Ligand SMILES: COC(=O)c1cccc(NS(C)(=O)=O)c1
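Taking the form solved without this ligand, here's one chain by itself in structure tokens.
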């Protein structure tokens, strides 16, 4: 019952810290989670949100959804078949995803078995005191203690949870959690939200809808994918619309009622209505702090609800740290993992390292997908006197032949024009998430535009466009956009 490190949440951040502490520094590690494998009732499990109801199953489902485009696009390359025989079997996809995720859950059980000191505990972690975590049978703090763990160090890694707007009929709606387990593909679906989860799921549902199907994505403001490059936001909107998805912007559900046939009658704030089979809310995720009983030891939360941390993931309470989505910053698996790896290399390695939250490569598995690293030009323009924007945008040749002429590839490099330093790279098109990874390494190395354009292209690729841009398309000078420098 005595551990160097007790981790609450066997997720992206929690397991990296757990496994590292044990294998690298022969530390004695306890990890708590509420469930050992994916799905209802608690959805996240051993492996965390990404593994169970996040990056992993989503990527499999987007890959499945991509075949709608491949099957059509093949005809341009001379592939012939009975188009009238094509069916998308959602049930097959969900059974395949379930088996793939279960194998990962079991893979992690294997890890915790084949690794000394590293031990898993099942049930709900909360803080008794500075150096004791209690594992209960439920999230009710009045339920039975299963174990009481002694810890020289406590890591909060409980991740996040979908936010459900408190509207009349919210109980008729789902989150991404339930989306992963729908027994049938919805004919008509409303994805609510303008973020990556709503966009990715609109693509998934769009590919698997039965005949006479319709995917509607609504977003409360004017343009989806706030925080992404503006050119790409407008382009993804176009490319989703070109593939049959209806984008309702400046619209937001005010209430949902059940129709007598079990379908959902959505009333918008604007007074518009829409009947759908599924309303999937994807309006935000919020840190999971409630259940930890942080009041007991007085861990400070933020004006937003995330565990407040310093650059070393340290709470106001010594020996207590927080990584990943509970900190309510960048909600990404590799950031959680980076933070856990840094926390452990610091505390147990005696080799203090802090996660860099700048110049983080990330993606949206939209069809086609986004790959991005570093600053969008609007943000660059407010920090740097002179910003240059290099832009190349064209339908790649293969997509003129494929018949998907609407698949414009967008490559944008944003620089500090004073020294040529690359501040951000923004890609939209097939392979963008793969292209951007090594760009993250370039930005860590303070790559300039001349490092890109003096590197020899790989031909033919979309990526080589990044090594072909010598001349700014336009500038920001003290915030002001203009074609030419003064």
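What we label the rigid core is the largest C-alpha set whose atoms superpose within 1.5 Å from one form to the other. Numbering follows the first chain given and starts at 1.
- For 410-418 versus 295-303, the mean Cα distance to the shown form in 9 other deposited structures of this protein after rigid core alignment is larger for 295-303.
- Taking 345-353 and 379-387 in turn, the stretch whose Cα atoms are more displaced from the shown form in 9 other deposited structures of this protein following rigid core superposition is 345-353.
- Legend: mean Cα B-factor per stretch from the PDB entry, 146-154 versus 404-412; the higher mean is in 146-154.
- Note on 197-205 vs 346-354: mean CA B-factor is higher in 346-354.
- Reading the B-factor column for the CA atoms of 141, 78, 227, 334 in the entry, the top value corresponds to 141.
- Which of 99, 383, 325, 73 has the largest Cα B-factor in the deposited entry comes down to 383.
- Residue-level temperature factors show residue 222 in the highest third of its chain, judged at the C-alpha atom.
- Residue 161: CA B factor lies in the middle third for its chain, per the PDB record.
- Sorting the modelled residues of the chain by their CA temperature factor places residue 233 in the lowest third.
- Residue-level temperature factors show residue 26 in the highest third of its chain, judged at the C-alpha atom.
- The entry lists a Cα temperature factor for residue 399 that places it in the middle third of the chain's modelled residues.
There is another form of the same protein, the form solved in complex with this ligand; it is not shown, and what comes next is about it.
- Between the options 267, 131, 177, 404, the residue in contact with this ligand in the deposited complex by a heavy atom within 4.5 angstroms is 177.
- For the options 247, 173, 149, 297, the residue carrying a heavy atom within 4.5 angstroms of this ligand in the deposited complex is 173.
- Here the chain stands by itself, but in the deposited complex one stretch of 250-258, 298-306, 162-170, 381-389, 162-170, has heavy atoms within 4.5 Å of this ligand.
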